[PDB]
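**Student:** Residue numbers (UniProt numbering): 1 to 205.
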Amino acid sequence: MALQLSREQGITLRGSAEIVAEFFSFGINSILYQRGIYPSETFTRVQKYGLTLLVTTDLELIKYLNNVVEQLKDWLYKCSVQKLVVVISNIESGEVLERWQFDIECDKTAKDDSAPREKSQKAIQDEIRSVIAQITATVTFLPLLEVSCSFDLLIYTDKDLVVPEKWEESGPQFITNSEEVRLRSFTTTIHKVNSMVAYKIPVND
């Protein structure tokens, strides 16, 4: 909430949204490299958040995230933004192969809570560094790409109450035979982001 203030280039919410926005875009793009959603030859090396990260120079994907990021601000920032779930499934087989679930928590402003240290962006570097690395790291642990999977992007927001409904929770089944492992999570007085990923497990011991 705010008055006499345009949302074209604000510093209050838009600021925190900028980080979370770039954090998501970068995190998503980085995953394109790690997951291999498409030709890696469309990569671009860049230095952000204090560390070096790779990116996908896809006009279609950039356009996919562009509209999503634009709306994420109006659509998601209007509510508060909460959870995100990216489900990558093999398009040639029509079955889920890799599901990436990350949490996005942002506030409207600092009612009475200062940010630790001179800048809270530090925690960001660690999270954005662990996120981009946790994806690529596991990838090394994972085999090679082969299927051109499809992308399923989920958006989650918070609600007052309206009776508990629960989403993507109520139900033992989820994919078919995968493993869920926690990567890392960062919490800031202005915003908190979580990182979790799961992959199909071909009957392993």
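Just so it is clear, CB atoms sit at the ideal spot from N, CA and C, and this is done for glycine as well.
Alpha carbon to alpha carbon, how far is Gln34 from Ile11? Give it in angstroms, no decimals.
**Tutor:** Counting from 1 along the sequence shown, the entry for residue 11 is found at position 11. Counting from 1 along the sequence shown, the entry for residue 34 is found at position 34. Distance between the alpha carbons of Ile11 and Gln34 is about 32 Å.
**Student:** Under the rule that 16 or more other beta-carbon atoms within 10 Å means buried, what is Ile201, buried or exposed?
**Tutor:** Position 201 of the sequence shown holds residue 201. When all chains shown are included, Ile201 counts as exposed.
**Student:** In its own chain, which residues sit with a C-beta less than 8 Å from the C-beta of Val69, not counting the 5 before and 5 after it?
**Tutor:** The residue labelled residue 69 in the question sits at position 69 within the sequence shown. Cβ within range, chain order: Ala21, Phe24 and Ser25.
**Student:** What is the DSSP secondary structure of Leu72, counted as helix, strand or coil?
**Tutor:** To locate residue 72, count along the sequence shown from 1; it is residue 72. The answer is helix: DSSP assigns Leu72 an H, G or I state.
**Student:** Just the C-alpha distance for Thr188 and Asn194, rounded to the nearest angstrom, thanks.
**Tutor:** Stepping through the sequence shown from its first residue, residue 188 is reached at position 188. Stepping through the sequence shown from its first residue, residue 194 is reached at position 194. Roughly 11 Å between the two C-alpha positions.
**Student:** Determine, using beta-carbon pairs with one atom in the stretch 75-95 and one in the stretch 151-163, whether at least three such pairs fall under 8 Å.
**Tutor:** The stretch 75-95 is in contact with the stretch 151-163.
**Student:** Can you look up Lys63 in the DSSP assignment and give me helix, strand or coil?
**Tutor:** Stepping through the sequence shown from its first residue, residue 63 is reached at position 63. Three-state result, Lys63: helix.
**Student:** Specify, as a first and last residue, the run of the beta strand (DSSP E) that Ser195 falls within.
**Tutor:** The count along the sequence shown starts at 1 and reaches residue 195 at position 195. Its beta strand (DSSP E) spans residues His191 to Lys200.
**Student:** Using only the alpha-carbon positions, how far apart do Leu97 and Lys166 sit?
**Tutor:** Counting from one through the sequence shown, the residue named residue 97 turns up at place 97. Counting from one through the sequence shown, the residue named residue 166 turns up at place 166. Looking at the two C-alpha atoms, the distance is approximately 24 Å.
**Student:** Run through the DSSP bridge pairs and tell me what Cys79 is partnered with.
**Tutor:** Here residue 79 corresponds to residue number 79 of the sequence shown, with the count starting at 1. Answer is none; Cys79 lacks a bridge partner.
**Student:** Please determine, among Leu59, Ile62, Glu105 and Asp113, the residue with the shortest C-alpha to C-alpha distance to residue 238.
**Tutor:** Because the chain here runs from 1 to 205, residue 238 falls outside it and cannot be looked at.
**Student:** Leaving out the 5 sequence neighbours to the left and right, which residues in its chain are closer than 6 Å to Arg99 when beta-carbon positions are compared?
**Tutor:** Taking the sequence shown and counting its residues from 1, the one referred to as residue 99 is at position 99. Taken in chain order, the residues that qualify are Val87 and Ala198.
**Student:** Please state whether DSSP places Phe186 in a helix, a strand or coil.
**Tutor:** The count along the sequence shown starts at 1 and reaches residue 186 at position 186. Looking at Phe186 - three-state DSSP - the assignment turns out to be strand.
**Student:** Three Cβ pairs or more, each shorter than 8 Å: is that satisfied between the stretch 110-125 and the stretch 60-76?
**Tutor:** No, the stretch 110-125 is not in contact with the stretch 60-76.
**Student:** Which residue comes first and which comes last in the beta strand (DSSP E) that contains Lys48?
**Tutor:** Here residue 48 is taken as the residue at index 48 of the sequence shown, counted from 1. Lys48 -> beta strand (DSSP E) spans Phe43 to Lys48.
**Student:** Would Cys149 be called buried (16 or more neighbouring beta carbons within 10 Å of its own) or exposed?
**Tutor:** Within the sequence shown, the letter at position 149 stands for residue 149. Classification of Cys149: buried, given that the 10 Å Cβ count is 16 or more.
**Student:** In whole angstroms, what is the alpha-carbon distance linking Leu53 and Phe141?
**Tutor:** Taking the sequence shown and counting its residues from 1, the one referred to as residue 53 is at position 53. Taking the sequence shown and counting its residues from 1, the one referred to as residue 141 is at position 141. Cα-Cα distance, rounded: 19 Å.
**Student:** For a quick check, are the C-beta atoms of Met196 and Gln71 less than 9 Å apart?
**Tutor:** Counting from one through the sequence shown, the residue named residue 196 turns up at place 196. Counting from one through the sequence shown, the residue named residue 71 turns up at place 71. Going by C-beta atoms, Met196 is not nearer than 9 Å to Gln71.
**Student:** For the beta strand (DSSP E) containing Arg99, name the first residue and the last one.
**Tutor:** Here the question's residue 99 lines up with position 99 in the sequence shown. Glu95 to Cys106 is the extent of the beta strand (DSSP E) around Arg99.
**Student:** Whole angstroms is fine: what's the gap from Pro116's alpha carbon to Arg14's?
**Tutor:** Against the sequence shown, residue 116 aligns to sequence position 116. Against the sequence shown, residue 14 aligns to sequence position 14. Taking the straight line from one Cα to the other gives about 20 Å.
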